[PDB]
Protein chains: 2
Amino acid sequence: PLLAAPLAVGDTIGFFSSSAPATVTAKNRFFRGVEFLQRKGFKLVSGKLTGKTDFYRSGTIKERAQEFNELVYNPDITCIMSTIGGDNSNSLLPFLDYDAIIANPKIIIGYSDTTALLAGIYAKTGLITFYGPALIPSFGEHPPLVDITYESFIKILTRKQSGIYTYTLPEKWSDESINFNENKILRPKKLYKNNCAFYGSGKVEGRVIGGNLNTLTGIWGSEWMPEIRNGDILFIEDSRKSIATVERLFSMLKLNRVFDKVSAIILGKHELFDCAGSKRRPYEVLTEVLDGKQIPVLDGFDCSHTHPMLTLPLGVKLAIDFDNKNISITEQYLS
Amino acid sequence: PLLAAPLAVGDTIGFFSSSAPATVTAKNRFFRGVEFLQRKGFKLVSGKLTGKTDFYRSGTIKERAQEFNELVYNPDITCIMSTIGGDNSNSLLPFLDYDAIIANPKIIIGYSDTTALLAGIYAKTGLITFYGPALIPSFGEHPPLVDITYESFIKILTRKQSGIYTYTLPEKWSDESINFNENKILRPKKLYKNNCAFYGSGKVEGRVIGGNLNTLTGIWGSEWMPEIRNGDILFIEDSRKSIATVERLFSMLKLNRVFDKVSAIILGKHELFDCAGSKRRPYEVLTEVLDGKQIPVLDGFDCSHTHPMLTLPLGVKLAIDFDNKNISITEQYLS
Ligand SMILES: Nc1ncnc2c1ncn2[C@@H]1O[C@H](COP(=O)(O)O)[C@@H](O)[C@H]1O
Ligand SMILES: Nc1ncnc2c1ncn2[C@@H]1O[C@H](COP(=O)(O)O)[C@@H](O)[C@H]1O
């Protein structure tokens with residue numbers, strides 16, 4: 001695989017808005033995120049579409065591609081971070097400078113709609129990119145949850161590449177939709193005990209592939225969708241979806257023979273899942289779709305739209321130990 | 001192509017609910033549709049899931065496949081008609097009796113989510129299926145618009161298969177979200193002059209392929225997605241979507257090289273399109289995505305979620321005359 005250099009405290013992080021113009025619509029939270037990372041000692045470079053709006057997006061398809069490419073050209077930048085997702089990053093894919101990425105590999109990180117870029121870049125270049133924090137939703141989060149998000153971010157990206165890395169399990173989590181763009185909080189978010197479940201036995205090791213499943217539909221079938229292979233571990237998360245949408249997306253995977261290939265599935269915690277009164281969880285829907293076929297599932301991994309959020313390299317081997325109830329990175333993912 | 005027997009006055013129509021349980025949730029409109037077709041002289045066979053609910057759907061994946069298959073097995077049925085769409089018909093595809101569909105070809109008709117079945121059946125069998133009326137939303141519509149929908153339905157499906165068929169243009173249309181399941185109406189829908197536009201010159205003839213674009217994402221990449229070939233006319237429609245979603249879906253097509261293949265695009269009128277205050281129409285978004293690629297477009301064809309709705313065979317040749325501003329079926333589509 002193509003590997004970027006590790007992050008270090010004091011490095012320059014560049015940020016871009018490939019979809020929703022949240023540097024404007026969520027300016028307070030944006031500023032909180034900027035201040036948070038600056039206090040940690042990081043230098044921040046703002047992408048050229050910061051503070052701009054084109055209604056539902058930050059700018060034209062071509063301008064958004066340019067914003068990203070300009071960060072790739074900047075030799076001072078070690079990490080390229082999404083400000084926020086949205087719906088429209090897939091539009092950029094024909095216009096990204098993949099050859100420049102090959103020449104100057106960097107840490108590329110984000111989630112949700114940014115999946116189109118993470119997966120697309122991996123498909124074109126083999127660069128190991130990261131499912132992880134975006135500046136506004138992740139680092140604009142209030143304490144204490146933001147601290148746990150940062151702890152994972154810094155551990156994953158700065159640690160020495162020796163031996164396996166076994167993930168810590170967040171003690172508490174939340175998906176409550178309060179205190180987003182408000183400067184002062186009325187009360188802290190409702191905290192839930194971690195209900196992550198390991199369905200299966202033994203150990204499964206394989207290349208992790210995926211991201212935000214709804215977003216993957218925007219690149220599916222194209223040269224920008226990485227091929228899923230026999231033995232892969234499928235990582236998928238979604239946010240604020242109806243059970244109807246979740247069934248459709250799971251069946252899409254089934255039709256595409258994905259469940260014939262993968263040796264395990266990781267489901268990220270689904271933020272504010274709408275079960276339509278059925279009281280069914282996404283795992284139950286997956287079980288029906290699988291039609292009697294047994295695939296080991298890690299249900300409720302803290303790498304999604306819920307807080308706190310862990311950082312996960314995509315395109316490298318993970319080992320899920322279903323007996324010991326843990327998950328580890330087993331392949332080198334930074335140079 | 002595999003062709004079904006033509007419809008005739010007095011024939012038996014079977015209906016199925018492959019997704020949303022609207023025979024229950026829209027019972028008034030359902031009964032209106034039933035009574036409408038019965039007054040036209042049609043005999044109706046109720047699918048086994050009529051009157052049933054499983055929260056967001058009519059029944060389990062296998063129950064819904066069974067409901068559909070049972071209509072295929074019935075020798076008295078000439079037309080199999082969707083009650084309504086939803087989100088979940090793609091789930092049925094591994095379980096449909098394709099051999100029986102080939103042995104007993106019938107008119108299969110519906111729209112929206114039912115695209116998954118229409119396109120999937122075509123991919124597997126070569127049967128010419130129909131983008132057209134569903135029992136509840138289409139035939140439960142109040143006069144005057146339901147009569148125009150019916151006129152197209154009966155003309156397309158009963159006419160002699162000799163010479164080209166040139167579509168009529170509805171004088172008025174509506175997408176107003178009133179008078180759906182109410183038994184009594186306070187006033188009629190607002191009616192709009194037909195603003196259909198032909199962008200381009202000359203005449204384009206090619207096989208029509210597509211349906212509901214959002215729905216196609218659920219079968220994309222699989223053996224159930226019909227291959228789009230050089231020279232095809234792409235037919236796409238969506239309903240109640242944001243401009244953000246529309247950009248994502250158009251870019252999905254671009255990434256898949258669809259715009260390198262197709263000779264023309266038909267955009268169905270978009271029901272209650274949400275432009276996010278941009279005042280932009282879907283054609284403008286398509287124009288940006290096309291990035292200079294000159295493809296002639298019929299913008300606003302009345303085969304979508306708007307009323308009235310025309311009936312369109314999928315998988316046969318159409319001719320769009322951009323100079324004379326008309327559209328015709330040029331290939332035999334029923335036996
Ligand atoms: N106005 C808002 N109020 C509460 N949460 C929001 C708001 N806007 C965005 N979010 C959260 O930010 C995430 C959306 O970011 P993305 O998935 O990148 O589009 C979701 O997890 C939402 O819960
Ligand atoms: N409660 C409702 N009020 C108004 N229109 C509806 C309602 N439910 C469904 N529809 C319409 O029914 C049509 C068919 O739905 P679908 O088959 O899900 O695309 C769409 O054009 C919807 O706008």
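Only this structure's heavy atoms are used, side chains among them; waters, hydrogens and symmetry mates stay out. Letters go in sequence order (proteins before strands), and every chain restarts at 1. Counting starts at 1 for both ligands and their atoms, following the listed order.
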Name all residues meeting the side chain to side chain donor-acceptor pair (under 3.5 Å) criterion together with A/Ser242; count only those two or more places apart in sequence or in a different chain, and write none if there are none. A/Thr245

With a 6.0 Å cut-off on the ring centroids, do B/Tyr111 and B/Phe130 count as close? no

Suppose we screen for ring-ring contact (aromatic ring centres under 6.0 Å, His included). Which residues come up paired with A/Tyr56, at least two apart in sequence or across chains? none

Under the 3.5 angstrom rule, does the side chain of B/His270 hit a backbone N or O of B/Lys241 as a donor-acceptor pair? yes

Side-chain contact test, heavy atoms from C-beta onward, threshold under 4.5 Å: evaluate it for B/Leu117 versus B/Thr114 and give yes or no. yes

Under 4.0 Å from ligand 1 - residues by heavy atom, chain and number: A/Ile84, A/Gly85, A/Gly86, A/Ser112, A/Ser177, A/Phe180, A/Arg240, A/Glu271, A/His305

Apply side chain to side chain donor-acceptor pair (under 3.5 Å) to A/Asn194 and list each qualifying residue two or more places apart in sequence or on a separate chain. A/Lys269, A/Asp302

